[PDB]
Amino acid sequence: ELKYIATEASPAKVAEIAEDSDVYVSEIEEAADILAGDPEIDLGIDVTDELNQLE
Amino acid sequence: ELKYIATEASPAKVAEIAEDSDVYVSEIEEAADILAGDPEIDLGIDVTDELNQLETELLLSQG
Amino acid sequence: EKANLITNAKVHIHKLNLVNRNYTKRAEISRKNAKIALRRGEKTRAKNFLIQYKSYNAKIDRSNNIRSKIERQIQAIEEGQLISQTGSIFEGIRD
Amino acid sequence: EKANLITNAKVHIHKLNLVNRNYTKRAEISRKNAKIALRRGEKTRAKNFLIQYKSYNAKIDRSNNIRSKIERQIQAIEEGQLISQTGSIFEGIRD
Amino acid sequence: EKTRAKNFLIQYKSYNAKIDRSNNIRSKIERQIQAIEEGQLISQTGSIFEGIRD
């Protein structure tokens with residue numbers, strides 16, 4: 001049985017499946033930040049001073 | 001069996017396949033640097049001084 | 001299976017590391033026997049354990065350097081493989 | 001069956017060790033007879049038991065050295081066999 | 001272990017050139033996309049001026 005555990009807790013496979021998860025994690029989180037990319041448009045198209053009179 | 005390992009771990013073949021890899025490695029990496037050859041055009045066609053006025057008007061505006 | 005090709009290399013790295021555990025243990029075991037044999041006064045055998053002791057260390061270093069050499073050569077296929085595709089889209093731009 | 005080939009060698013090591021037990025016993029038995037025959041005054045026979053006594057010791061040493069020689073030659077197939085495969089993946093990298 | 005220390009530093013700056021290698025290749029391709037965007041509209045402009053002529 002130690003052989004059968006060591007077949008499938010193989011450190012050759014533990015390290016594979018751990019590395020794969022990390023790449024997908026940074027792929028998804030950065031794909032959330034470009035999903036919030038529009039602040040760069042909002043801060044750009046509106047620069048309106050005039051309301052300092054309104055202030 | 002030592003004979004059969006020594007047939008295919010032959011140092012005549014280990015040294016061949018190691019030398020071949022190194023040549024292909026320098027072939028590919030230098031073929032990446034000529035793949036980034038265009039900076040020489042960008043640094044050449046645009047030399048535009050005039051924006052030092054555009055700087056200095058911003059700079060006196062900042063000043 | 002080029003992925004499995006890069007997989008296989010990453011597999012062998014673990015075997016090479018596994019043996020490096022094993023011989024490390026035997027190295028210390030041999031050193032213990034040397035220390036005993038000195039206290040036996042069997043200094044002949046004592047330095048022989050020391051001879052066999054340092055007989056492993058070179059073999060561990062032999063492994064480590066072979067590991068590092070293959071890690072570097074994987075990376076050259078990772079980096080190289082993306083460069084190749086970059087070249088083909090620049091060919092698509094040209095045509 | 002190369003595994004069984006390395007298995008078989010490791011098997012024979014136990015036979016060689018088994019006999020080394022057996023002749024060790026007879027060596028002391030012969031020495032006991034010598035000690036008696038000296039006290040018999042049969043010093044002829046006494047030194048003959050001593051002659052047969054040390055007749056085994058060389059044969060035990062003959063075994064031990066043959067054992068050590070084969071253990072070393074197993075290891076050269078263990079280490080050698082991994083080197084061979086290392087060479088083939090470096091061939092896979094090249095191609 | 002200042003030997004190994006400067007070796008980590010050697011490997012450290014070993015990446016920086018490779019990052020710069022990427023950035024410049026990125027910028028080079030962005031510029032070459034734009035030349036197909038701008039170029040493609042110019043091409044069609046030429047064909048309607050050909051329609052005017054005929």
# chains A, B, ... in the order shown; residues from 1 in each chain; ligands from 1
$ interface_residues --of "chain B" --to "chain E" --cutoff "10 Å" --atoms "only C-alpha atoms" --output "mmCIF file with N, CA, C and O atoms, in the first residue's frame"
data_model
loop_
_atom_site.group_PDB
_atom_site.id
_atom_site.type_symbol
_atom_site.label_atom_id
_atom_site.label_comp_id
_atom_site.auth_asym_id
_atom_site.auth_seq_id
_atom_site.Cartn_x
_atom_site.Cartn_y
_atom_site.Cartn_z
ATOM 1 N N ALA B 32 16.407 36.288 -31.895
ATOM 2 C CA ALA B 32 15.474 37.141 -31.169
ATOM 3 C C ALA B 32 15.899 38.599 -31.131
ATOM 4 O O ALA B 32 15.040 39.482 -31.098
ATOM 5 N N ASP B 33 17.200 38.878 -31.135
ATOM 6 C CA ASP B 33 17.667 40.261 -31.087
ATOM 7 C C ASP B 33 17.483 40.984 -32.413
ATOM 8 O O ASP B 33 17.166 42.176 -32.433
ATOM 9 N N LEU B 35 15.055 40.128 -34.213
ATOM 10 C CA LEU B 35 13.618 40.342 -34.135
ATOM 11 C C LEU B 35 13.223 41.593 -33.356
ATOM 12 O O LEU B 35 12.061 41.997 -33.432
ATOM 13 N N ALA B 36 14.131 42.203 -32.596
ATOM 14 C CA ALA B 36 13.924 43.519 -31.988
ATOM 15 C C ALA B 36 14.833 44.587 -32.604
ATOM 16 O O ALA B 36 15.392 45.424 -31.894
ATOM 17 N N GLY B 37 15.022 44.551 -33.928
ATOM 18 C CA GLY B 37 15.917 45.469 -34.627
ATOM 19 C C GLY B 37 15.411 46.880 -34.872
ATOM 20 O O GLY B 37 16.227 47.789 -35.049
ATOM 21 N N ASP B 38 14.100 47.095 -34.850
ATOM 22 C CA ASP B 38 13.446 48.377 -35.146
ATOM 23 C C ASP B 38 13.751 49.590 -34.253
ATOM 24 O O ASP B 38 13.585 50.721 -34.730
ATOM 25 N N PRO B 39 14.214 49.446 -32.996
ATOM 26 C CA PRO B 39 14.652 50.644 -32.250
ATOM 27 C C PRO B 39 15.607 51.538 -33.014
ATOM 28 O O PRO B 39 15.616 52.759 -32.805
ATOM 29 N N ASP B 42 13.326 53.832 -34.969
ATOM 30 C CA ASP B 42 12.593 54.767 -34.121
ATOM 31 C C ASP B 42 13.497 55.883 -33.611
ATOM 32 O O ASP B 42 13.135 57.065 -33.661
#
$ interface_residues --of "chain A" --to "chain C" --cutoff "9 Å" --atoms "only C-alpha atoms" --output "short mmCIF file (atom, residue, chain, number, x, y, z; two decimals) with N, CA, C and O atoms, in the first residue's frame"
data_model
loop_
_atom_site.label_atom_id
_atom_site.label_comp_id
_atom_site.auth_asym_id
_atom_site.auth_seq_id
_atom_site.Cartn_x
_atom_site.Cartn_y
_atom_site.Cartn_z
N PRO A 11 5.62 13.15 -5.86
CA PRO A 11 6.05 14.56 -5.88
C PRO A 11 6.27 15.08 -7.29
O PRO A 11 6.45 16.29 -7.46
N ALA A 12 6.32 14.21 -8.29
CA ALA A 12 6.35 14.66 -9.67
C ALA A 12 5.01 15.25 -10.09
O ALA A 12 4.96 16.08 -11.01
N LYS A 13 3.92 14.81 -9.48
CA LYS A 13 2.58 15.27 -9.79
C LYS A 13 2.10 16.35 -8.84
O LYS A 13 1.38 17.25 -9.27
N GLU A 16 3.55 19.51 -10.19
CA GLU A 16 2.91 19.94 -11.43
C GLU A 16 1.61 20.68 -11.15
O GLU A 16 1.43 21.83 -11.57
#
$ atom_distance --atom1 "atom CA of residue 13 of chain E" --atom2 "atom CA of residue 72 of chain C"
15.9 Å
$ interface_residues --of "chain D" --to "chain C" --cutoff "9 Å" --atoms "only C-alpha atoms" --output "ChimeraX atom specification"
/D:82,86,89-90,92-93
$ residues_around --residues "residue 6 of chain B" --least-positions-apart "4" --cutoff "9 Å" --atoms "only C-alpha atoms" --output "ChimeraX atom specification"
/B:1-2,10-11 /D:80,84
$ write_last_selection --atoms "N, CA, C and O atoms" --output "mmCIF file, in the first residue's frame"
data_model
loop_
_atom_site.group_PDB
_atom_site.id
_atom_site.type_symbol
_atom_site.label_atom_id
_atom_site.label_comp_id
_atom_site.auth_asym_id
_atom_site.auth_seq_id
_atom_site.Cartn_x
_atom_site.Cartn_y
_atom_site.Cartn_z
ATOM 1 N N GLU B 1 24.639 -6.192 -19.283
ATOM 2 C CA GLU B 1 23.891 -4.943 -19.237
ATOM 3 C C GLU B 1 24.776 -3.707 -19.194
ATOM 4 O O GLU B 1 24.455 -2.714 -19.849
ATOM 5 N N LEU B 2 25.886 -3.733 -18.456
ATOM 6 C CA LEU B 2 26.822 -2.620 -18.536
ATOM 7 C C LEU B 2 27.192 -2.336 -19.984
ATOM 8 O O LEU B 2 27.368 -1.179 -20.369
ATOM 9 N N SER B 10 27.114 6.212 -24.636
ATOM 10 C CA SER B 10 28.424 6.413 -25.237
ATOM 11 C C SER B 10 28.851 7.876 -25.180
ATOM 12 O O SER B 10 28.140 8.744 -25.692
ATOM 13 N N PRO B 11 30.034 8.174 -24.641
ATOM 14 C CA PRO B 11 30.518 9.560 -24.616
ATOM 15 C C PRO B 11 30.757 10.126 -26.001
ATOM 16 O O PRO B 11 30.987 11.331 -26.128
ATOM 17 N N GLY D 80 24.808 3.841 -13.707
ATOM 18 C CA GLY D 80 24.910 3.865 -15.150
ATOM 19 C C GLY D 80 23.562 3.951 -15.832
ATOM 20 O O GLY D 80 23.394 4.689 -16.803
ATOM 21 N N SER D 84 22.235 6.830 -18.666
ATOM 22 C CA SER D 84 21.749 6.518 -20.004
ATOM 23 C C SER D 84 20.464 7.264 -20.329
ATOM 24 O O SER D 84 20.307 7.783 -21.439
#
$ interface_residues --of "chain B" --to "chain C" --cutoff "10 Å" --atoms "only C-alpha atoms" --output "ChimeraX atom specification"
/B:21-22,25,28-29,31-32,35
$ select_by_dssp --residues "chain A" --states "alpha helix (DSSP H)" --output "ChimeraX atom specification"
/A:2-8,11-33,39-45,51-54
$ interface_residues --of "chain E" --to "chain C" --cutoff "8 Å" --atoms "only C-alpha atoms" --output "count of residues only"
4
$ atom_distance --atom1 "atom CA of residue 33 of chain D" --atom2 "atom CA of residue 47 of chain D"
9.7 Å
